[PDB]
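Trainee: sequence first, structure after, both from an experimental entry:
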Amino acid sequence: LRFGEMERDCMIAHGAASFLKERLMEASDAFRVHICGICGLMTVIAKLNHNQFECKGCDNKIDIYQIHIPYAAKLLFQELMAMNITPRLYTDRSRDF
Amino acid sequence: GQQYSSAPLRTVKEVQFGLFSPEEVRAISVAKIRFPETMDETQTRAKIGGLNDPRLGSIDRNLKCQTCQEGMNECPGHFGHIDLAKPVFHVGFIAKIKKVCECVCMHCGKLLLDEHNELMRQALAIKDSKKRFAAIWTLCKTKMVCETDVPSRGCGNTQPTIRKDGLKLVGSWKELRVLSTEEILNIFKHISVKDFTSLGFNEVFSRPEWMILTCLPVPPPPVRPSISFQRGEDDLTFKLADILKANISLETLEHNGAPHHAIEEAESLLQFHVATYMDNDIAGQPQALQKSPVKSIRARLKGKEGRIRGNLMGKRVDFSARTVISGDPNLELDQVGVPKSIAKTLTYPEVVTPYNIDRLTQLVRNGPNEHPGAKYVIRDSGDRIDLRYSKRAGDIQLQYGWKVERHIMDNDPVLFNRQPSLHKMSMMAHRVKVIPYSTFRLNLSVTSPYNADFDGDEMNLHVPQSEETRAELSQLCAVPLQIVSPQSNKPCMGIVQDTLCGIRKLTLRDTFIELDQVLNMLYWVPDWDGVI
Amino acid sequence: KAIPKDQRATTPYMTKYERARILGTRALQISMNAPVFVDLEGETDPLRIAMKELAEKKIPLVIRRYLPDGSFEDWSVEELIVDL
Amino acid sequence: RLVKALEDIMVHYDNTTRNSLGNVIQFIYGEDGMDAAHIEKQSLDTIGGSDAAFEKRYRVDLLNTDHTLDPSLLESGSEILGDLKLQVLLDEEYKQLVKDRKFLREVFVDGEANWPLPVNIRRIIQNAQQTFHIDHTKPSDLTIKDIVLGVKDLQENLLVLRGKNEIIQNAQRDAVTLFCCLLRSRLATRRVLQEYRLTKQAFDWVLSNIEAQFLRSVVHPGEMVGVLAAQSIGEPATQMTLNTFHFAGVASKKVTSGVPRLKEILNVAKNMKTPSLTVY
Amino acid sequence: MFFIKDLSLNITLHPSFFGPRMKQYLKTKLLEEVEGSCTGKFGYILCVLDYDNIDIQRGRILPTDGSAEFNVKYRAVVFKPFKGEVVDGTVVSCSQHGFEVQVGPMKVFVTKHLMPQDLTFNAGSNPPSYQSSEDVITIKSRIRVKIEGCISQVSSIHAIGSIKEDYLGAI
Amino acid sequence: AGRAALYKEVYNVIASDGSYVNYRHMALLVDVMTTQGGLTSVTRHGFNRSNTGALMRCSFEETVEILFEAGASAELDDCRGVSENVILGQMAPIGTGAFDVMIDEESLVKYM
Amino acid sequence: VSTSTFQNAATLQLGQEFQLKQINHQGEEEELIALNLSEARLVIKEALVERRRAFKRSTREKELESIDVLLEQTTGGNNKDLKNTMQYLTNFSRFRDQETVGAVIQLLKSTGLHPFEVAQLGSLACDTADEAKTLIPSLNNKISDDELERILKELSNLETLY
Amino acid sequence: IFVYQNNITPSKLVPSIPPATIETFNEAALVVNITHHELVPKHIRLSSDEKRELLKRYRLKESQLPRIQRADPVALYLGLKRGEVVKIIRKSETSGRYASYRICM
DNA sequence: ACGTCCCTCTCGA
RNA sequence: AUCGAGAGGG
Ligand SMILES: Nc1ncnc2c1ncn2[C@@H]1O[C@H](COP(=O)(O)OP(=O)(O)OP(=O)(O)O)[C@@H](O)[C@H]1O
Ligand SMILES: [Mn+2]
Ligand SMILES: [Mn+2]
Ligand SMILES: [Zn+2]
Ligand SMILES: [Zn+2]
Ligand SMILES: [Zn+2]
């Protein structure tokens, strides 16, 4: 069944901060992509059974992290990449405010 | 699942929106898109070194990627590229490509009006985001010449009434010229570092020069799969062959014999394929059809459904339920009568802990077909161990730390629901109470907050897969917890119909009970003090 | 870069959301085979196991209330109240 | 439009209804930093009614043989009658009472006395009474020192924001404000002894019961008070028009200056379809 | 060379670890990873210094998971070779086109085209040696090599060296 | 002076159909609209044009082009918006995710 | 997980990490740590003994073997790299007792030359500058030869008799 | 403050006397005072030290504060400059005396 | 410019 | 299977 918009609402109302993260990640989607500490875009090569992570283009095999995002988003982000707008994903920060 | 990855696991903190350098593309790319044929070396179930997995990802479930040697369920997709024969407008930046031709000298490429001019030095400090853009536009679209110095800023030519007639830019001079992309970019490329920065751009993430597409991102198969209907590629696959067919023709037109009025059309058709694959609800246009309209990226992402209002701000969920809902005087407020057949198929991860192990081993050793059974059970190697079938389902003594997806049983933190669903009071949690017949059964006095009734109404049911979430649903979204509504700061539940209709029949002093019947009443109160 | 307790200001009571995440959190841990502190008076269940811990403030946890500007006042479950 | 407009909006930890950027929408949710559930609608006896019988409830004069507390209403009866080191506080009191009888007639012009506020006082007394069992014949055992300087302390504690400086404080006395007028109205040095018959313990229970029941009413820093508002205003409206086919037409169902009148408000738009100055 | 940088390490344990000597396991879990390693950023992470006074900070409990993350800020000894840093070392692998040398935990290699023109290699010797006019390097000898280039290959970092330029070899 | 009239003109349609609500809610919205300078509206171009989060907005009426001006104006998303998390599958800074829990050995040897 | 931080030739061209102005563990602009094979050697030993002290809280080529016991005791054998290093230092470090090293250190950074010269100067035993400033190219103009050799002759003095 | 009783055109020179900006009212809108209205709360001018005191106590950056605009009937009625703040004090049906804050651009 | 939430069927390229 | 159109259920 669809846990819809109309309900994301009703739960936000309740506080249920991580049970909301379950129905959206465990109980559907969910993933494991490899991103980059430079190009904020799922692009590195996951040769795990060998532990070789590369992101040629920005030639580095060190600055490399890992994420738990919905396949959907993953898509949305590949889709935005075709229309040529890079949605770099970062884990550091620089605002604060 | 997915395999372990010795990478740092973090979460996402910033989301840096940028624009693809035509050179980031040419770089991050595995191979080079050339042929428009899908995986037809030979109609053979093997792909082709032109399009579709030249190292971009595999299409058949039983083969690996020719780059990341992983197995589809954990190969996310790789990007390639197509080199364009002549630069092209981006369907979306179009008006805001003009809107900066409307702001710089299309010959030497410095701001029309610079640090001299009261409303330019006053716009030029609007440190607000792009509002300084807008004001720098309105206050530039008019000055149609450069300057020698004026009461020295260099060229001194003149600017055109640039206006947009579908996909292309025309520009008069009082002599009528049409703006060519191969020029417009060379005016942007020559825009000065200071210029686009106060104007509305960025020194690395979004140069303006890159609202002109020179290199094209080739999204991989997961974006645009194929399905066995012998197969059948995806609207975005076919379109890109049309682009790589609309490109090639133009590649050679401008190579062997160059007859101006031939290349003039196929480049305004290549920029038609490029533009149509991203937007397809354009201003005029024909709405390119696929021997039919044709899905466009933009429309996939659109509201209503489509990644944003459909596949993220909302999705569907495993572990969910449904049925006719009837109502039960012999039940408690905070529990919900879920039928067996849901409880036999409604699982729930549970860890192996000395406090229950002596229980889980009786459920396993029960099974999927019995009320308090189990439908799987997960070892440390984490491989799914199906009860329903596995030989060893017989014995299998459990090991601590394991997880036995078992059957949801009485009093379990459930997320219950009705569907209009526009407020908290209509997504309360309950205790389970597994019962017969196919119908959800709920206490008459939690009708209202859902505005539900017993004449055809289904209702939803969820089930947390953890512990903390159960706590979150027990200590926050409980039925008794929400007995008084914040909205109207009054109690949102209460006695109704039969109970209410006759509770006043009873609270008459015309209304008397005799010896026998009284006790029967007393007993029924589950917290009676047993004093007559 | 942090606050010192001497200058704390935020609610000294514990919030529906603090608690229910705290009861939740430990309860998950406990049922992940974690060292329990209060002494089981016979509890298979880990929500209750934790809840007893709660009623003996024998829970080694600090809530780190964050403020709008960025900085946070730490608050021991040992020290927060519990009324609600 | 409401919900993905409020969404973002939740009390913070310093008590500031805010957003995604850090910008206030309110310095105290509800202006009073109160959660809605812990709030009921009880009247303010210190406002409605004659200036006449106002004194006949609240004024007590120790310097007077006719307008004082006949010992039948407290132990220290004769040994107080006359006393004046105390009639200053009886004065100190009936002055704050009548500074408040106007401070309400300034905010609640309508002459409207019943309103919603934390702590059901009108209930907590027949809590104390029923519990401790009052005697409407044998007289109390409170000092006039007792009463009025307790009620004065109870307010000192009824927190809302905590904070060092006079800024937050001066915001503090603002939020508690309306409440306390409830308190003086009903923890009334005459009424307490005339009407309430309180013992000593009975009282400073009432005192401490209020105090928690109050610190319980406060809203809890986290409350998604935004997406909460939206549904509280949106809900009604949908079933202000999902239920007009129950009769047979009649009036203000869902097509008469209502659900659409709201359509105006949120969108603004200048072309209002029934403008009207109402000029006095 | 030989450095001392103040690094970090984020490690996480399962709930079933919070109660006894968390620090004792976390301390040893850090040593289980960092002690005996090599990267190019830092180089040969070779010895965690100041054991007892290492940090562990507060523990950040993970969300849907039940674990905890700890930024252990530890200071240690590092080793990073760089081009042109002449080292002094022992030989271990004698080939025909060049003899390898062990220096610290990293192995520097030499070529016969890098050794000056007087090293006529001798394969018929026990053990393998390289002759000259007066010197003779062998299986275990002392020599002054000059690093020319370095390459990081997984959990190590080898390098090539020289013996041609003056004030080298003469041990 | 408007705030109270906009409110009053909201109050008056809802307290019409009896119903009733509690100031705060309304007040919240009103204050949401007024605390900008002047009446910002509840509509794709009213409030949504705000400086808030990027994905945060692209969940309301205008959607793709939003990300478009974004990608090119090098926009930035804080990520402190609830919705950015939904989009991202992070627990969102919400009631039970407002704060953050931490252990401490010193309480862990006290209790041992 | 992998090991963070807080932030080319033999021309003092070092990484951003091995750049002089490097951050203290407490966040304050503190200089940088370059130390020679002896200045090494010991700072591992004394580091490796205070380990053994902790865990039991719950001379010629002779120093080769007594450290070999520690590296099988202190740090489990899981560490091939470190074994060979305590080895390497013992036979190639120039100074035995801590008195002498401080002295060297004290006479080294009088000169105020770069740590990597402080380091590599007390390590390659150099008879003249022509050998000193060659294997150590960076000096060149930084130190008069004479003055460098007054130092390099003083190094020559303090060599502990192995 | 220069009052004109019917009309003034551009001939635009007001802001050319640093340091002195001059307000310019009109008798058509001055005749009846807006501030005496039932629904016009008491805005109160805050100093440059009464400002940097709200901006630390409530842990703000200027941005984050609600706003009043330079042309706001009242701002003009006290001639509020940009960066000036205000303490709009009002009866409330809840608090009984809420005390908002607005800055001015 | 978007145009209430969800759900069950049945049928033509 | 996918998109497109159609009738009903709260
Ligand atoms: N078009 C609709 N949109 C949203 N909800 C609806 C709609 N139609 C029905 N519902 C839901 O169904 C319920 C009421 O519809 P229903 O016709 O069952 O009412 P009813 O009063 O039983 O019918 P009757 O009016 O004949 O007695 C409410 O909870 C309402 O939200
Ligand atoms: Mn019905
Ligand atoms: Mn119905
Ligand atoms: Zn990169
Ligand atoms: Zn792959
Ligand atoms: Zn020019």
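Mentor: All right, it came through fine. Numbers count the residues shown, from 1 in each chain, chains lettered A, B, ... in the order given. Ligands and ions are numbered 1, 2, ... in the order given.

Trainee: near ligand 1, which residues of the stretch 101-250 of chain D?
Mentor: Taking CB under 6 Å from any ligand atom, the part of the stretch 101-250 of chain D that reaches ligand 1 is made up of residue D:242. (C-beta placed from N, C-alpha, C; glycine too.)

Trainee: would you list every one of the helices in the stretch 101-250 of chain D?
Mentor: With helices called from DSSP state H, counting those that start in this stretch, the stretch 101-250 of chain D shows them at D:121-132, D:144-157, D:166-186, D:191-194, D:201-217, D:225-238.

Trainee: of these, which is nearest ligand 4?
Mentor: Smallest distance to ligand 4 across the helices of the stretch 101-250 of chain D (CB to the ion): 36.8 Å, for helix D:225-238.

Trainee: contacts only, for the residue nearest to residue B:348 when sequence neighbours are not counted.
Mentor: In this structure, residue B:348 finds its nearest non-sequential neighbour in residue B:408, 5.3 Å apart by CB to CB, 6 or more residues apart in numbering or on different chains. Contact analysis of residue B:408 by CB atoms under 8 Å, 6 or more residues apart in numbering or on different chains lists B:338, B:342-343, B:346-348, B:414, B:432, B:434, B:463.

Trainee: got TSV for these, with neighbour count, distance to ligand 5 and secondary structure too?
Mentor: Output for the contacts of residue B:408, formatted as TSV (neighbours: other CB atoms under 10 Å in any protein chain shown; distance: CB to the ion, whole Å; DSSP: H, G, I helix; E, B strand; the rest coil):
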residue	neighbour count	distance to ligand 5	secondary structure
B:338	26	43	coil
B:342	19	40	helix
B:343	21	41	helix
B:346	22	36	coil
B:347	20	32	coil
B:348	21	35	coil
B:414	23	40	strand
B:432	22	44	strand
B:434	21	45	coil
B:463	26	35	coil
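
Trainee: now distance to residue E:118 too, for those residues, in CSV please.
Mentor: Shown next, in CSV, are those (distance: CB to CB, whole Å):
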residue, distance to residue E:118
B:338, 92
B:342, 89
B:343, 89
B:346, 85
B:347, 79
B:348, 80
B:414, 88
B:432, 90
B:434, 93
B:463, 83
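
Trainee: any idea which of those is the one closest to residue D:228?
Mentor: Comparing these against residue D:228 with CB to CB places residue B:414 closest, at 22.7 Å.

Trainee: what secondary structure does the closest residue to the closest one other than its chain neighbours sit in?
Mentor: Distances taken as CB to CB, 6+ apart place residue B:430 nearest to residue B:414, at 5.1 Å, with adjacent residues excluded. Assigned state for residue B:430: strand (three-state reduction, DSSP: H, G, I helix; E, B strand; the rest coil).

Trainee: and for residue G:87?
Mentor: helix.

Trainee: now stretch D:127-140, how far from the chain's geometric center?
Mentor: When C-alpha coordinates are averaged (CA atoms, centre = their mean, to the nearest Å), stretch D:127-140 and its chain have centres 26 Å apart.

Trainee: span of it from start to end?
Mentor: 17 Å (CA to CA, to the nearest Å).

Trainee: neighbouring contacts of that stretch?
Mentor: D:71-75, D:77, D:193, D:196-203, D:205-206, D:209.

Trainee: buried subset of those residues, written for ChimeraX?
Mentor: Here is the ChimeraX command that selects only those of these that count as buried (16 or more other CB atoms under 10 Å in any protein chain shown):
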select /D:73,74,193,196,197,198,199,202,203,205,206
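
Trainee: what's the local residue count around residue B:73?
Mentor: 10 (other CB atoms under 10 Å in any protein chain shown).

Trainee: and it, how far is that from residue A:76?
Mentor: 19 Å (CB to CB, to the nearest Å).

Trainee: then residue G:60?
Mentor: 70 Å.
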